[PDB]
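Top line first, the protein sequences correspond to chains A and B. Count the first sequence with the UniProt record's numbering and you get residues 299 to 338, 350 to 716, in order. Count the second sequence with the UniProt record's numbering and you get residues 299 to 338, 348 to 718, in order. In what follows, a structure is listed as structure tokens, so that the remarks can point back to it.
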Amino acid sequence: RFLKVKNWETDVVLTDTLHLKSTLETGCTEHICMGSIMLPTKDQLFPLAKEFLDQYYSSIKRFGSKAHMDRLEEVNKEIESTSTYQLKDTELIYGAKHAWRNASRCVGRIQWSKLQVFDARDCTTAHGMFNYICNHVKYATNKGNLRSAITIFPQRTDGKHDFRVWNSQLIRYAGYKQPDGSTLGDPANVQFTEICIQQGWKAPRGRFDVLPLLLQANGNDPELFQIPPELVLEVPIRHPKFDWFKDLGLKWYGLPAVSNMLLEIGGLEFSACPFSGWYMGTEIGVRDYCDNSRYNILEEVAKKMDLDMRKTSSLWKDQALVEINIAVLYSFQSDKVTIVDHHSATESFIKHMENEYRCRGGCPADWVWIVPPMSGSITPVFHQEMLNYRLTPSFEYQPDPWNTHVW
Amino acid sequence: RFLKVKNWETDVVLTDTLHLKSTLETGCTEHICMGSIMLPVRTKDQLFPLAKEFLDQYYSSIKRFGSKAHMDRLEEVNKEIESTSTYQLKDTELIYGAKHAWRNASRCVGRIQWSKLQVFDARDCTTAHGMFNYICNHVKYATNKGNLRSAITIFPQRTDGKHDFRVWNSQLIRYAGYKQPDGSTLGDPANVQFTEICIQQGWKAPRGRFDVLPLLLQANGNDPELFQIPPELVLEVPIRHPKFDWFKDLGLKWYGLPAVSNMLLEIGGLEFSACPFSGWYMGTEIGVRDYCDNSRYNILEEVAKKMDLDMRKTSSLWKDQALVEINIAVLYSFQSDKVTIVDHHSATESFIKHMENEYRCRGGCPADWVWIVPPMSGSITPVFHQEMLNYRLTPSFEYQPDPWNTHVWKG
Ligand code: HEM
Ligand code: HEM
Ligand SMILES: CCCOc1ccc(-c2ccc3c(C)cc(N)nc3c2)cc1CN
Ligand SMILES: CCCOc1ccc(-c2ccc3c(C)cc(N)nc3c2)cc1CN
Ligand SMILES: C[C@H](O)[C@H](O)[C@H]1CNc2nc(N)[nH]c(=O)c2N1
Ligand SMILES: C[C@H](O)[C@H](O)[C@H]1CNc2nc(N)[nH]c(=O)c2N1
Ligand SMILES: [Zn+2]
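Dropping the structure here:
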């Protein structure tokens with residue numbers, strides 16, 4: 299019950315005791331593993358607060374101290390009357406950093422304690438939200454020297470006043486159904502690009518059209534906002550060997566800033582909390598160019614490489630995928646925009662695992678998601694046994710707003 | 299209660315009722331997933356339930372559930388247990404069991420072939436020499452001059468755990484691993500331990516880089532014995548590259564027949580501790596793991612040098628780039644010699660078809676995503692985007708401890 303995990307490349311063994319703090323469920327049972335499934350009141354709220362506040366005050370080495378019990382009774386009394394409660398700034402920051410720290414699917418968590426937290430809990434309007442997001446974006450980009458950030462809009466109250474950023478990421482390209490069959494722009498975002506038009510967006514109908522922001526504050530009909538272009542840093546994609554690679558007319562944006570998840574701290578629910586860091590190369594090149602429901606430039610790259618595309622066993626897809634990913638990293642590094650290759654970041658994660666087992670007794674991890682989408686076996690996380698379990702504070706999934714909004 | 303999985307690349311959903319037949323425990327709990335853990348003498352007290360269950364399955368498969376042939380067989384196995392404390396499978400039952408063991412192998416991507424398994428009943432074997440002759444015929448039959456045919460050879464079942472039959476090799480054909488004084492390894496680093504046991508048991512090692520290891524065979528719980536597979540029975544393929552003519556000069560070769568020998572076949576409560584089984588290679592098993600894993604032959608950096616790659620920063624992706632070429636050369640060498648091999652794209656596509664077919668005509672197909680996804684180019688194969696349900700069905704192939712850890716040495 300004090301589980302162990304083994305790295306089979308190095309024989310390192312770590313003993314996991316952190317998992318016995320786990321609260322939520324995984325979806326798995328004694329009889330069935332779901333490790334690869336994508337998505338599984351006043352009386353409930355107070356224990357959730359006690360638990361969070363207990364771990365908060367131990368983290369600062371004041372468990373059982375005067376300040377601890379007073380803060381507990383303070384929160385205790387506010388739940389009684391107000392039915393909820395508000396986090397002190399210090400807890401807000403702790404909670405945001407530990408939701409990233411507990412993000413069992415995130416490979417970049419070695420940076421978790423350097424997060425920049427922007428308290429936007431005083432926001433009241435979509436224009437307000439837009440101001441906060443533009444500030445987040447500018448701070449995060451930092452002229453290419455990217456910095457981790459999260460901006461936290463007001464907590465849920467009764468589900469009727471939800472703050473929601475309707476974009477899945479703050480910065481994403483547009484996707485348009487072409488009359489003939491295929492897709493122009495980016496096929497992931499075709500339905501959202503519809504909604505923006507459905508809401509009043511003048512789509513330029515190019516390939517790399519930065520989508521507008523669709524901001525929803527206090528539960529009202531959301532509003533369209535154009536991010537100032539000078540805040541959207543983009544990297545034109547070129548290959549350090551193949552001159553013809555520029556001709557494909559490819560670029561990506563520098564700032565990955567995920568905006569559709571829900572942040573849960575001490576039982577409180579922050580449905581608007583866009584957070585950002587920086588890209589691993591494969592997130593753009595393997596996934597955001599080469600997945601069959603994405604750009605499928607794989608064929609053109611290999612065509613332009615005059616590779617034998619007549620049978621899968623020439624591995625021409627793999628060979629193109631490598632080149633594309635070499636190009637994505639070359640371009641970002643050439644323009645001094647932060648990016649991490651998948652060898653770099655998996656080795657960091659292993660180091661971070663080491664540190665978590667050493668000074669925390671464990672580290673929840675979702676092997677299925679930590680292993681990069683190419684070259685998995687030659688990265689050091691492949692041979693790393695991991696234990697997956699759900700800790701609080703956390704980032705959670707939430708329904709898309711456009712299935713729920715009382716319009 | 300029914301369960302659903304979604305393929306996110308195609309939006310195809312499938313409903314699994316077959317997990318309800320699951321009994322063995324996965325290692326996971328409601329609060330902890332052990333989905334990435336490598337590894338998460349039986350009395351008649353609990354053997355007839357296991358027998359009845361298997362026999363219920365078998366007679367369902369032949370649509371004779373509840374027939375007099377079915378009830379009589381139950382009654383026959385019944386008396387044989389209380390009287391002998393074990394029981395014997397009919398040939399039919401043994402063949403069903405071995406096929407369904409493979410069909411239930413949730414980590415195996417090659418299961419589209421599962422019904423075509425050639426089952427060799429070696430349950431009359433009694434000695435190590437007897438085993439050597441059974442294995443030699445397996446190898447010849449399965450190889451078939453490069454037109455590989457999957458087979459399994461099933462040796463006698465465990466009785467009291469003190470008379471086990473064991474193949475001590477992890478595979479029938481593997482290359483020797485030699486640890487040098489200077490700390491380097493000659494041959495296959497994966498086999499250094501087994502090689503030393505062989506040498507200690509009296510094997511005269513050629514001490515080369517691709518020495519086929521001797522068979523180490525154990526019958527009836529006796530001390531294991533060494534035998535050299537005849538070299539004309541070991542089909543090998545020298546590794547060359549279709550564009551690089553310096554690749555042949557790395558002097559690499561690999562053998563054609565993957566044949567796993569260290570696992571335990573469980574059928575209806577009986578344990579078959581020695582049951583080597585073979586099929587044919589997916590290319591990445593040689594190209595990605597057998598050559599490029601940091602703890603294996605690790606010709607990665609030598610291939611990168613001959614390719615004159617930027618080996619300074621990892622972000623030149625030289626490792627990925629050399630990996631692709633090495634897998635290109637493995638597929639090319641095998642196809643050039645008409646030795647059966649499958650690339651990882653072809654095989655993941657087949658498994659998806661297989662998996663979909665299994666959901667429709669069986670109500671489920673247990674599958675270990677961690678293992679099914681290929682160890683390179685994972686996301687550009689259709690299993691990466693495929694949700695999977697993992698559960699243990701019997702008959703099954705199980706792991707078992709290395710015999711040299713548990714053996715009682717006669718002397
Ligand atoms: C700083 C560099 C970072 C890198 C390289 C990184 C990398 C990744 C990767 C590769 C994934 C896997 C999903 C996929 O590949 O499609 C992921 C998931 C995730 N990231 Fe990180 N990340 C970073 C920063 C952050 C930050 C700052 C946060 C929040 C404060 C965060 C929160 C998450 C969460 C919650 C998930 C999992 C979401 C889910 O369960 O669906 N990440 N990340
Ligand atoms: C004929 C073509 C076959 C192919 C291409 C194939 C491929 C694979 C691969 C790639 C793995 C992953 C293991 C690794 O990569 O380290 C695997 C696992 C496995 N294979 Fe298959 N296989 C084939 C036939 C068979 C046959 C005939 C059997 C037995 C009758 C079998 C039994 C298994 C089992 C039991 C596992 C799971 C290993 C475990 O649980 O540790 N396979 N297979
Ligand atoms: C629904 C299937 C996709 O799931 C995913 C997949 C990935 C991420 C994710 C989240 C944050 C990231 C940050 C901060 C930096 C970075 N470099 N990468 C990230 C990737 C979120 C989700 C949830 N939408
Ligand atoms: C705990 C270590 C897991 O390792 C492994 C790794 C691989 C296989 C395996 C087994 C059979 C195969 C056949 C018939 C064909 C083929 N092409 N590949 C196979 C690969 C088994 C095990 C379990 N002994
Ligand atoms: C079906 C499968 O579980 C799903 O596609 C997951 C698998 N692992 C992943 N891993 C990462 N890093 N990112 C992903 O989007 C996914 N997708
Ligand atoms: C830690 C991890 O579970 C382990 O290294 C597994 C992962 N998946 C694998 N998948 C395959 N096909 N072969 C393997 O050897 C492994 N190793
Ligand atoms: Zn699980």
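Ideal placement from N, C-alpha and C gives every residue a C-beta, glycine not left out.
Residues near residue i in its chain [Cβ-Cβ closer than 7 Å; skip 5 each side]
{"i": "B:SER568", "result": "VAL474, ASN476, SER477, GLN478, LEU479, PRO583"}
{"i": "B:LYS304", "result": "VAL311, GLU694"}
{"i": "B:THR433", "result": "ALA526, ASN527"}
Per-residue contacts from residue i into chain A (C-beta, under 8 Å)
{"i": "B:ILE330", "result": "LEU301, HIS317, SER320, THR324, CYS326, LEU696, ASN697, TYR698"}
{"i": "B:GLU307", "result": "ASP600, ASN601, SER602"}
Per-residue contacts from residue i into chain B (C-beta, under 8 Å)
{"i": "A:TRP676", "result": "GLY333, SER334, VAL677"}
Residue i - DSSP class collapsed to helix/strand/coil
{"i": "B:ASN527", "result": "coil"}
{"i": "B:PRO496", "result": "helix"}
{"i": "B:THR460", "result": "strand"}
{"i": "A:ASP552", "result": "helix"}
{"i": "A:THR313", "result": "strand"}
{"i": "B:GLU543", "result": "strand"}
{"i": "B:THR466", "result": "coil"}
{"i": "A:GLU323", "result": "coil"}
{"i": "B:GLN425", "result": "strand"}
{"i": "B:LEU522", "result": "strand"}
{"i": "A:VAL680", "result": "coil"}
{"i": "B:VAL384", "result": "helix"}
{"i": "A:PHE372", "result": "coil"}
{"i": "B:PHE472", "result": "coil"}
{"i": "B:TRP561", "result": "strand"}
{"i": "B:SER653", "result": "helix"}
{"i": "A:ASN634", "result": "helix"}
Beta-carbon spacing of residue i, residue j below 8 Å
{"i": "B:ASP650", "j": "B:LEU638", "result": "yes"}
{"i": "A:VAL595", "j": "A:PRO682", "result": "yes"}
{"i": "A:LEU577", "j": "A:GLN464", "result": "yes"}
{"i": "A:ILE461", "j": "A:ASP489", "result": "no"}
{"i": "A:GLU307", "j": "A:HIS652", "result": "no"}
{"i": "A:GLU656", "j": "A:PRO689", "result": "yes"}
{"i": "A:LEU396", "j": "A:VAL426", "result": "no"}
{"i": "A:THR391", "j": "B:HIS329", "result": "no"}
{"i": "A:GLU543", "j": "A:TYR562", "result": "yes"}
{"i": "A:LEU522", "j": "A:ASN498", "result": "no"}
Interface residues of chain A facing residue i [CB-CB closer than 7 Å]
{"i": "B:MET614", "result": "Under the 7 Å cutoff, chain A gives no residues; its nearest Cβ is about 12 Å from B:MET614."}
{"i": "B:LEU630", "result": "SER684, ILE687"}
Contact set between residue i and chain B, taken where Cβ atoms lie within less than 9 Å
{"i": "A:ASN634", "result": "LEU624, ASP627"}
{"i": "A:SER580", "result": "Those do not exist, as A:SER580 stays about 24 Å from chain B at its closest Cβ, beyond 9 Å."}
{"i": "A:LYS511", "result": "Ordered by position in chain B, no residue passes the 9 Å Cβ test against A:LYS511, which lies about 30 Å from the chain."}
{"i": "A:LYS447", "result": "Under the 9 Å cutoff, chain B gives no residues; its nearest Cβ is about 27 Å from A:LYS447."}
Same chain, Cβ closer than 6 Å to residue i, five either side skipped, listed in chain order
{"i": "B:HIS470", "result": "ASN527, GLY528"}
{"i": "B:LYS645", "result": "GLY453"}
{"i": "A:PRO549", "result": "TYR639"}
{"i": "B:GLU387", "result": "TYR394"}
{"i": "B:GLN535", "result": "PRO521"}
Beta-carbon neighbours of residue i, restricted to chain B and to distances below 7 Å
{"i": "A:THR621", "result": "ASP650, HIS652, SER653"}
{"i": "A:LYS423", "result": "The contacting residues do not exist; A:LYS423 stays about 22 Å from chain B at best."}
Same chain, Cβ closer than 8 Å to residue i, neighbours up to 5 away in sequence not counted
{"i": "A:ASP675", "result": "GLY333, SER413, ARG414, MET695, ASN697"}
Proximal residues, the segment 587-604 of chain B versus chain A, C-beta separation under 7 Å: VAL595, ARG596, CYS599, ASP600, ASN601, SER602
Along the segment 639-661 of chain A, where does the CB come closer than 9 Å to a CB of chain B? Name the residues. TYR639, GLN642, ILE648, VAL649, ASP650, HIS651, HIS652, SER653, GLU656
Between the segment 678-690 of chain B and chain A, which residues of the former have CB atoms less than 7 Å from a CB of the latter, in chain order? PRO682, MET683, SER684, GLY685, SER686, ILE687
Contact list for the segment 351-372 of chain A against chain B, Cβ threshold 9 Å: none
Closer than 7 Å, Cβ to any Cβ of chain B: which residues of the segment 461-495 of chain A, in chain order? none
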